[PDB]
Undergrad: 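Here it is, the structure, as structure tokens.
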Amino acid sequence: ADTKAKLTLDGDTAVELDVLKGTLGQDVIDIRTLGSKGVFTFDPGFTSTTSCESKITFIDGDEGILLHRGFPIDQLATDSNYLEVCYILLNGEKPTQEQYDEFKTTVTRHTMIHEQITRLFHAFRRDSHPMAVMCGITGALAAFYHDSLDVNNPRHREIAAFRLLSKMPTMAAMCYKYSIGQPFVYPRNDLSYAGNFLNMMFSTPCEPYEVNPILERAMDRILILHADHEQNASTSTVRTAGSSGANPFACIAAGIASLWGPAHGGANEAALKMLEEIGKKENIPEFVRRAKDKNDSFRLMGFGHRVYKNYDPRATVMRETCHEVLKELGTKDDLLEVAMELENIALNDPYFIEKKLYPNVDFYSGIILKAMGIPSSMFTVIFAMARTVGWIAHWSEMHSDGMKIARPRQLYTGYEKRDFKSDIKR
Amino acid sequence: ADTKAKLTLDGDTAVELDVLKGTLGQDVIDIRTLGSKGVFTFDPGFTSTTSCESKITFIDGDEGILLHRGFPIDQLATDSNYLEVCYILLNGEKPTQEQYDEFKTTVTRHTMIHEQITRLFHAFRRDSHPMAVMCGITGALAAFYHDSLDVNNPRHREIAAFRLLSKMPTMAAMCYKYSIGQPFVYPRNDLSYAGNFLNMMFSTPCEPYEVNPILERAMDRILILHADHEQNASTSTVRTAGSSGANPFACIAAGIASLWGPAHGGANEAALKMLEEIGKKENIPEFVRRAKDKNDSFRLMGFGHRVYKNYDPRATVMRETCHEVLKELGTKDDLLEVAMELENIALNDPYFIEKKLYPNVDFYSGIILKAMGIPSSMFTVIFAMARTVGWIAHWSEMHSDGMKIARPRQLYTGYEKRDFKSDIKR
Amino acid sequence: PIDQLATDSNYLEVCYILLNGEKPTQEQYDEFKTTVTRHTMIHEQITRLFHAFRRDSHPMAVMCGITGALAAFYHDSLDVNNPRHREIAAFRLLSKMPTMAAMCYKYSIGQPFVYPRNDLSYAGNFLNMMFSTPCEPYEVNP
Ligand SMILES: NC(=O)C1=CN([C@@H]2O[C@H](COP(=O)(O)OP(=O)(O)OC[C@H]3O[C@@H](n4cnc5c(N)ncnc54)[C@H](O)[C@@H]3O)[C@@H](O)[C@H]2O)C=CC1
Ligand SMILES: NC(=O)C1=CN([C@@H]2O[C@H](COP(=O)(O)OP(=O)(O)OC[C@H]3O[C@@H](n4cnc5c(N)ncnc54)[C@H](O)[C@@H]3O)[C@@H](O)[C@H]2O)C=CC1
Ligand SMILES: NC(=O)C1=CN([C@@H]2O[C@H](COP(=O)(O)OP(=O)(O)OC[C@H]3O[C@@H](n4cnc5c(N)ncnc54)[C@H](O)[C@@H]3O)[C@@H](O)[C@H]2O)C=CC1
């Protein structure tokens with residue numbers, strides 16, 4: 001509260017405005033009182049504008065810091081596990097053994113989805129992108145779970161949330177199986193959250209599948225590292241749709257579509273295919289696949305970052321995890337040595353150095369998932385799946401906040417009142 | 001500009017911000033660069049922040065004014081038709097006979113949906129709410145229409161717009177047919193937009209259907225009166241989803257759910273149940289929901305509005321059409337004259353005048369709909385079907401602005417960094 | 001007396017008693033229980049019938065539906081004037097009724113159908129078909 005006294009605005013008359021500060025991050029000037037005084041600002045993008053108060057996740061992109069409930073991501077990535085991290089994001093505190101047991105038991109008990117929903121997957125085409133099917137099923141949930149749609153009911157929010165945490169991975173693995181023609185696999189209660197997901201993704205009735213504890217921890221880590229990322233395009237969507245009263249399932253569905261968004265962006269789309277194919281230690285290495293950048297599409301391949309200035313804090317543990325997985329799966333990684341090739345170019349190439357296309361958290365998750373035999377199309381599905389807990393938290397905080405349903409202003413510049421005189425005769 | 005001359009932001013030095021003027025409405029303060037210098041405004045509920053600049057629709061709350069590309073809603077609803085209004089909202093000017101016939105042809109020849117998309121209907125439960133099915137189906141279209149998901153490819157955007165505009169009526173009709181267990185009706189390239197919808201809604205293979213001209217016109221007007229409504233909640237969901245780059249169908253599915261949202265409260269449809277549930281002057285109204293109403297339970301049955309001060313300009317023509325409909329029908333009106341008592345109560349009950357709970361277009365819209373035999377479980381599906389052209393116009397505009405992404409800032413008031421230690425186990 | 005049977009015998013032996021007029025020898029009983037146990041699973045085409053019903057339907061109504069539909073699938077034992085038909089039909093009913101019942105239930109709650117297990121008693125098998133899921137092994141409380 002140093003010089004945080006307060007500031008003033010004026011054009012023909014003056015106004016008082018308080019200076020609010022956060023526990024971390026810069027100060028903000030409250031203008032919640034200017035609307036009434038007849039004063040409005042213009043910020044197409046919400047860059048200069050702060051629209052909410054949160055205590056979920058804290059980010060300082062310049063210093064490469066990411067905290068979830070004060071707890072640093074690196075620690076959580078190595079010291080906790082997805083469910084405990086989930087428990088932390090939604091409850092604001094680490095769990096006691098008892099609270100945790102109860103939490104994990106509630107999740108584990110509702111992993112199986114209604115058989116009528118399963119019947120939905122079968123109406124989709126086999127050739128469809130699993131991310132698209134994922135948005136389809138999740139957006140269809142409200143028709144089957146109409147018993148917990150009222151967000152103004154804390155008991156509904158509770159049930160809906162858990163339904164999502166438990167069922168997302170089940171839905172995800174069904175999107176995959178469906179895309180490769182193998183039978184759906186039921187959740188198993190004796191398996192951890194991650195071990196159960198790998199089993200639903202890979203096992204068949206032909207033989208017993210055994211999850212490699214190493215790959216299981218890696219998957220668990222891929223999840224923790226994608227649970228939440230503070231304010232962003234997809235979290236804003238979840239918040240915006242949420243404050244309109246939209247049911248939780250629909251909210252999570254719009255978040256999933258917002259996450260997928262940049263993928264089918266034409267310029268990005270074209271390039272991503274260029275990577276997911278051109279790689280015969282001829283091209284990629286001799287910057288052959290990198291002698292073609294008319295479109296950047298870098299972060300979509302895991303290069304550079306919007307928030308973080310020099311490195312993706314989440315990428316520290318994923319790289320070491322990445323190293324561990326590769327050594328575990330033995331060295332029959334010919335093509336997947338372009339991974340080592342690209343990292344070298346991202347760091348040593350003057351271009352990448354200058355424009356800072358440094359490997360982010362996805363560059364390594366991508367390498368881990370590939371190493372596991374997971375198709376490229378299932379990447380964002382798994383990220384959206386993990387990001388779900390983060391979306392619930394933001395949604396819960398949004399409502400359980402004050403539900404200040406905002407009815408935004410627009411600066412109009414269209415035609416002035418004019419009379420209509422159709423030129424058609426129908 | 002009146003008090004909109006020049007303004008200076010004062011901290012410990014002066015920051016002169018300029019005042020922007022709109023062709024109609026309020027002048028705003030330019031603050032696009034403030035954050036660009038560290039200073040962030042704080043405004044939840046967006047009481048002062050102008051979400052964007054738009055040329056589509058103008059609303060003057062206290063003046064009960066509503067314009068679409070400059071034309072008064074009264075003029076359009078009376079001497080225009082839904083398609084022509086679609087053209088104007090989308091193109092910015094009324095069409096020539098040639099532009100209209102070209103636009104109409106395309107709209108009619110894309111009204112049939114892919115057969116597989118029609119299979120997905122049979123996977124939902126027969127007791128599913130029409131609106132939840134409408135959301136589920138819409139949120140699943142991206143899986144099929146993968147050739148039109150590039151939000152940046154103008155050709156993709158055009159196809160996506162025509163696809164949504166053409167098929168929405170087809171799908172809304174099927175949601176009704178599936179709910180009551182009647183076979184689905186195909187589009188009729190020879191019928192008009194509203195007539196085709198009426199045909200798909202009530203025709204059966206058992207006998208040919210007659211499209212009453214007064215009902216045909218009533219419906220088209222309902223479509224016109226709901227074509228668009230400026231920067232509201234559902235549209236903010238669409239603009240924000242589209243900002244991330246989410247595909248056309250995902251954004252509209254988000255809009256639908258968002259438009260349905262303020263109707264999930266167990267007190268909502270509950271009070272909206274006793275309403276239509278009775279056809280007896282002295283049942284629904286004398287001495288009943290005096291307080292029997294719960295959440296909104298006023299504002300849900302077509303009473304009042306948070307944008308307009310004195311009245312809803314859309315109700316004018318809607319109230320006129322209501323008479324024409326109840327008059328024309330006879331059989332489906334008279335025993336439904338508990339409307340006049342509900343309206344009378346609104347125009348004289350001290351409680352209603354005290355809460356400005358005046359009858360809005362949706363009150364008169366419901367009457368026309370209840371008269372035509374449409375169940376209240378279809379009302380918002382129909383309102384959404386019409387609003388889609390609006391969502392499409394705003395989504396496009398947001399794009400034209402440069403795909404204005406919505407990833408705002410937060411005021412972090414949570415835990416400062418704190419070590420993480422887990423003494424438990426999973 | 002019913003009190004004795006309720007405490008001293010078991011459903012199948014009681015079934016054997018109602019249809020044969022006498023309590024069973026070990027051999028007669030073994031044969032009886034083996035005949036029942038061997039036909040608990042129903043034709044997969046009948047199972048396809050359950051799925052044409054609405055999920056919201058009363059399980060008693062679905063029960064009357066499937067049982068009244070059996071003659072179309074088991075047209076091989078409809079002539080009551082044939083003692084061999086009566087025999088087969090009867091057993092089909094004793095074995096399949098519980099299977100049909102648990103399918104009506106599962107269908108009403110959205111869980112997958114559970115196949116009969118031969119290692120389980122008539123009642124233990126019914127509880128398992130009513131309650132187990134593929135997610136974990138179900139253990140019937142004796
Ligand atoms: N935290 C809480 O109190 C929660 C309570 N529920 C309640 O559970 C009931 C079922 O809800 P849904 O899970 O949405 O059912 P749903 O309609 O998807 O149907 C799934 C069925 O399979 C069962 N199931 C799912 N996973 C299972 C597993 N791993 N082991 C054994 N059974 C499993 C479910 O209990 C349900 O019977 C409802 O009453 C719901 O409100 C659901 C989530 C959380
Ligand atoms: N503005 C334009 O030129 C548009 C072109 N298209 C193109 O048309 C094809 C997709 O068309 P969709 O209708 O989305 O196919 P769809 O996947 O929805 O399947 C419907 C099929 O029946 C046809 N059809 C639809 N409505 C009809 C009607 N009322 N009468 C007779 N036939 C009808 C469609 O052309 C298509 O063959 C693609 O090539 C797409 O790019 C789609 C929309 C707009
Ligand atoms: N007491 C007797 O002699 C009886 C003879 N049958 C005969 O058995 C044959 C099949 O009749 P349904 O049972 O009505 O077949 P059905 O048409 O329902 O089809 C069921 C199929 O699954 C088999 N099955 C059922 N439960 C089984 C189990 N627990 N273990 C292994 N296999 C099982 C059946 O044998 C049959 O192959 C026919 O020839 C029928 O006449 C049936 C009942 C009694």
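Chain naming here is simple, since letters A, B, ... match the order of the sequence lines and numbering starts at 1 in each.
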Undergrad: Does a side-chain heavy-atom distance below 4.5 Å link B:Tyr308 with B:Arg314?
TA: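 They are in contact (side-chain heavy atoms under 4.5 Å apart), so the answer is yes.
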Undergrad: If you measure from the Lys or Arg side-chain nitrogens to the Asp or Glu carboxylate oxygens, is any gap between A:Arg426 and B:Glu84 under 4.0 Å?
TA: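 Looking at B:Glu84 together with A:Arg426, the answer is no, because their closest N to O distance does not fall below 4.0 Å.
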Undergrad: Run the ring-centre check on B:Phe303 versus B:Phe363 and record whether the distance is less than 6.0 Å.
TA: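 Yes, the ring of B:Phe303 comes within the 6.0 Å limit of the ring of B:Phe363, centre to centre.
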Undergrad: Looking only at atom types and distance, does a side-chain atom of B:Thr240 sit under 3.5 Å from a main-chain N or O of B:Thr237, one as donor and one as acceptor?
TA: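 Pair absent, no side-chain N/O of B:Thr240 close to backbone of B:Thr237.
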Undergrad: As an exercise, state the distance from CG of B:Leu272 to OG of B:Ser377, rounded to the nearest 0.5 Å.
TA: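 Atom-to-atom, B:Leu272:CG and B:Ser377:OG are 12.0 Å apart.
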Undergrad: If we ignore hydrogens and angles and just use 3.5 Å, is the side chain of B:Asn247 paired with the main-chain N or O of B:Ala250 as donor and acceptor?
TA: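 Such a contact is found between B:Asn247 side chain and B:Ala250 backbone.
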Undergrad: Locate the shortest heavy-atom distance separating B:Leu66 from B:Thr57; write the atom from each residue and the value.
TA: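 In terms of heavy atoms, the two residues are closest at CD1-CG2, 3.5 Å.
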Undergrad: Minimum heavy-atom separation for B:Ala339 to B:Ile367, with atom names?
TA: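 Residues B:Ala339 and B:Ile367, closest heavy atoms: CB-CD1, 3.9 Å.
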Undergrad: More than 12 non-hydrogen atoms from neighbouring residues, nucleotides or ligands closer than 6.0 Å to CD on B:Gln116, yes or no?
TA: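 Yes, because the 6.0 Å sphere around CD of B:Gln116 holds more than 12 heavy atoms from other groups.
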Undergrad: Please walk me through it: do B:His129 and B:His264 pass ring pair (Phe, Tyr, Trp, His ring centres under 6.0 Å)?
TA: CA-CA 12 Å; B:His129 177 135; B:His264 281 136; 8.1 Å; no
Undergrad: Hey, is the main chain of B:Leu67 close enough, under 3.5 Å, to the side chain of A:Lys417 for a donor-acceptor pair?
TA: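 Looks like no, no N/O pair under 3.5 Å.
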Undergrad: Are any non-hydrogen side-chain atoms of A:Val133 and A:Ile137 less than 4.5 angstrom apart?
TA: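 Side chain of A:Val133 against side chain of A:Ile137, heavy atoms only: contact under 4.5 Å found.
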Undergrad: Does the plane of the ring in B:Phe249 sit parallel, tilted or perpendicular to the ring in B:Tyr145? Use 30° and 60° as the thresholds.
TA: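 Tilted, since the angle between the ring planes falls between 30° and 60°.
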Undergrad: Main chain of B:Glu102, side chain of B:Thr105: is a donor-acceptor contact present, judged purely on distance under 3.5 Å?
TA: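 Not confirmed, B:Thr105 side chain does not pair with B:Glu102 backbone.
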Undergrad: Are B:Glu93 and A:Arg418 close enough for a salt bridge, meaning some N to O gap below 4.0 Å?
TA: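 The answer is yes: the pair qualifies as a salt bridge.
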Undergrad: Is it true that the side chains of B:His156 and B:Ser148 contain a donor and an acceptor less than 3.5 Å apart?
TA: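 Note: B:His156 and B:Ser148 side chains miss the donor-acceptor criterion.
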Undergrad: With a 3.5 Å distance limit and no angle check, can you tell me whether B:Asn189 reaches the backbone of B:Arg109 through a side-chain donor-acceptor pair?
TA: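 It does not hold such a pair.
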Undergrad: Under the ring pair (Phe, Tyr, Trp, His ring centres under 6.0 Å) criterion, do B:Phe184 and B:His122 qualify, and how do the steps go?
TA: CA-CA 11 Å; B:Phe184 300 146; B:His122 295 280; 5.5 Å; yes
Undergrad: Are B:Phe202 and B:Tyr176 close enough that their ring centers fall under 6.0 Å?
TA: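 Close enough - the centres of the two rings lie under 6.0 Å apart.
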Undergrad: State which residue, out of B:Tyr193, B:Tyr82, B:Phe162, fulfils the ring-ring contact (aromatic ring centres under 6.0 Å, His included) condition with B:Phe103.
TA: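 For B:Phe103, the ring-ring contact (aromatic ring centres under 6.0 Å, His included) test succeeds with only one of B:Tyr193, B:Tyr82, B:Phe162, which is B:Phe162.
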Undergrad: Output, in order, the C-alpha distance, side-chain angles, deciding distance and verdict of side chain to side chain contact (heavy atoms under 4.5 Å, CB included) for B:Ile374 and B:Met219.
TA: CA-CA 11 Å; B:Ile374 301 172; B:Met219 178 63 62; 3.9 Å; yes
Undergrad: Return yes when atom CZ of B:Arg319 has more than 12 non-hydrogen atoms of other residues, nucleotides or ligands closer than 6.0 Å, and no otherwise.
TA: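 Counting neighbours around CZ of B:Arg319, 12 or fewer heavy atoms of other residues, nucleotides or ligands fall under 6.0 Å, so no.
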Undergrad: Examine A:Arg125 relative to B:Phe144 and say whether NZ or CZ is less than 6.0 Å from the centre of the six-membered ring and inside a 45° cone about the ring axis.
TA: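 Here A:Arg125 fails the 6.0 Å and 45° test against B:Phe144.
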Undergrad: Determine whether the side chains of B:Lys404 and B:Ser243 contain a donor N or O and an acceptor N or O closer than 3.5 Å.
TA: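 Side chains of B:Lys404 and B:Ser243: no pair found under 3.5 Å.
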Undergrad: For the ring pair B:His394 and B:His399, is the centre-to-centre distance below 6.0 Å?
TA: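 Not under 6.0 Å, so no.
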Undergrad: Looking at CZ of B:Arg119 and CD of B:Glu115, how far apart are the two atoms once the value is rounded to the nearest 0.5 Å?
TA: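 These two atoms lie 10.0 Å from each other.
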Undergrad: State whether the side chain of B:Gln97 and the backbone N or O of A:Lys425 hold a donor-acceptor pair below 3.5 Å, judged by distance alone.
TA: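 A pair under 3.5 Å: yes.
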Undergrad: Counting C-beta onward and ignoring hydrogens, is there a side-chain heavy-atom pair between B:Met385 and B:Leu223 closer than 4.5 Å?
TA: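 Side-chain contact under 4.5 Å: yes.
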Undergrad: Show, in sequence, the C-alpha distance, side-chain angles and deciding distance for B:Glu53 and B:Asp401, and conclude whether the side chain to side chain contact (heavy atoms under 4.5 Å, CB included) test is met.
TA: CA-CA 9 Å; B:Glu53 166 183 340; B:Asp401 289 359; 5.5 Å; no
Undergrad: Compute whether any side-chain donor of one residue and acceptor of the other, for B:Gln75 and B:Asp79, lie under 3.5 angstrom apart.
TA: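 Short answer, no.
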Undergrad: Which value, rounded to the nearest 0.5 Å, describes the distance between B:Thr138 atom OG1 and B:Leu164 atom CG?
TA: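 Spacing of OG1 (B:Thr138) from CG (B:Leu164) equals 7.5 Å.
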Undergrad: Mind telling me whether A:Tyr412 and B:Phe58 have parallel, tilted or perpendicular rings, with 30° and 60° as the class edges?
TA: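 If you compare the ring of B:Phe58 with that of A:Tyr412, the planes turn out tilted.
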Undergrad: Less than 4.0 Å between a side-chain N and a carboxylate O, is that true for B:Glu324 and B:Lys327?
TA: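 Looking at B:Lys327 and B:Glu324, the cut-off is not met.
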Undergrad: Is there a donor-acceptor contact under 3.5 Å linking the side chains of B:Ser258 and B:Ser234?
TA: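 The criterion, which ignores hydrogens and geometry beyond distance, is not satisfied for B:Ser234 and B:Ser258.
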Undergrad: Just verifying a value: how many Å separate B:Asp333 CG and B:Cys322 SG, rounded to the nearest 0.5 Å?
TA: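 One finds 9.5 Å between CG of B:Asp333 and SG of B:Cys322.
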Undergrad: Under the side chain to side chain contact (heavy atoms under 4.5 Å, CB included) rule, what do B:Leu259 and B:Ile256 come out as? Steps first, then yes or no, please.
TA: CA-CA 5 Å; B:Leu259 193 64; B:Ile256 299 176; 5.7 Å; no
Undergrad: Using a distance-only test with no angle check, is there a side-chain donor-acceptor pair under 3.5 angstrom linking B:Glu230 and B:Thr235?
TA: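 Checked: B:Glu230/B:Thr235 side chains show no N/O donor-acceptor pair below 3.5 Å.
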Undergrad: Distance-only, no hydrogens or angles: does the B:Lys167 side chain make a donor-acceptor pair with backbone N or O of B:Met112 under 3.5 Å?
TA: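 Confirmed, B:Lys167 side chain pairs with B:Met112 backbone.
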Undergrad: Between B:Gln231 and B:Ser236, do the side chains contain a donor N or O and an acceptor N or O under 3.5 Å apart?
TA: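 Side chains of B:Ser236 and B:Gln231: no pair found under 3.5 Å.
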Undergrad: Would B:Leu149 and A:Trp260 satisfy side chain to side chain contact (heavy atoms under 4.5 Å, CB included), going step by step from the backbone distance to the final call?
TA: CA-CA 11 Å; B:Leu149 309 180; A:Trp260 188 30; 4.2 Å; yes
Undergrad: Between B:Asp101 and B:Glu98, is there a donor-acceptor pair closer than 3.5 Å when you use the side chain of the first and the backbone of the second?
TA: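 No, because the side chain of B:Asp101 does not come within donor-acceptor range (under 3.5 Å) of the backbone of B:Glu98.
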Undergrad: Is any side-chain heavy atom of B:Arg221 less than 4.5 Å from a side-chain heavy atom of B:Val317?
TA: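 B:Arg221 vs B:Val317: side chains touch.
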Undergrad: May I ask you to say whether B:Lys94 pairs ionically with A:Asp423, meaning some side-chain N is under 4.0 Å from a carboxylate O?
TA: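 Looking at A:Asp423 together with B:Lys94, the answer is yes, because their closest N to O distance falls below 4.0 Å.
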Undergrad: Look only at the side chain of A:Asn268 and the backbone of A:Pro262, and say whether a donor-acceptor pair between them is shorter than 3.5 Å.
TA: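 Flag set: sc A:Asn268 to bb A:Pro262 pair under 3.5 Å.
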Undergrad: Would you sort out whether B:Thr96 and B:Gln99 count as a side-chain hydrogen bond (donor to acceptor under 3.5 Å, both in side chains), showing the intermediate values?
TA: CA-CA 5 Å; B:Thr96 309; B:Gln99 297 166 307; 2.9 Å; yes
Undergrad: Would you check if B:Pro248 and B:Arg157 make a side-chain contact, meaning some heavy-atom pair closer than 4.5 Å?
TA: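 With C-beta onward as the side chain, the pair stays apart.
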Undergrad: If you define the side chain from C-beta out and look only at heavy atoms, does anything of A:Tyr178 sit under 4.5 Å from A:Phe124?
TA: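 A side-chain contact under 4.5 Å exists here.
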Undergrad: Whether the side chain of A:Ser179 engages the backbone of A:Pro130 through a donor-acceptor N/O pair (distance < 3.5 Å, no angle test) should be reported.
TA: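 No, because the side chain of A:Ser179 does not come within donor-acceptor range (under 3.5 Å) of the backbone of A:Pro130.
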Undergrad: B:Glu216 and B:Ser192: side-chain donor and acceptor closer than 3.5 Å?
TA: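 The criterion, which ignores hydrogens and geometry beyond distance, is satisfied for B:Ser192 and B:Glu216.
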Undergrad: Determine whether more than 12 heavy atoms belonging to other residues, nucleotides or ligands lie under 6.0 Å from atom NE2 of B:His146.
TA: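 Not more than 12 within 6.0 Å, no.
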Undergrad: Under the ring pair (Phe, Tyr, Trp, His ring centres under 6.0 Å) rule, what do B:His226 and B:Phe383 come out as? Steps first, then yes or no, please.
TA: CA-CA 6 Å; B:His226 294 79; B:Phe383 300 144; 4.4 Å; yes
Undergrad: Would B:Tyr186 and B:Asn196 count as a side-chain hydrogen bond (donor to acceptor under 3.5 Å, both in side chains) here? Give the steps.
TA: CA-CA 9 Å; B:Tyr186 283 105; B:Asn196 179 52; over 6 Å; no
Undergrad: With a 4.0 Å cut-off on N to O distance, would you call B:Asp147 and B:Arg163 a salt bridge?
TA: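 Counted as a salt bridge, because a side-chain N and a carboxylate O are separated by less than 4.0 Å.
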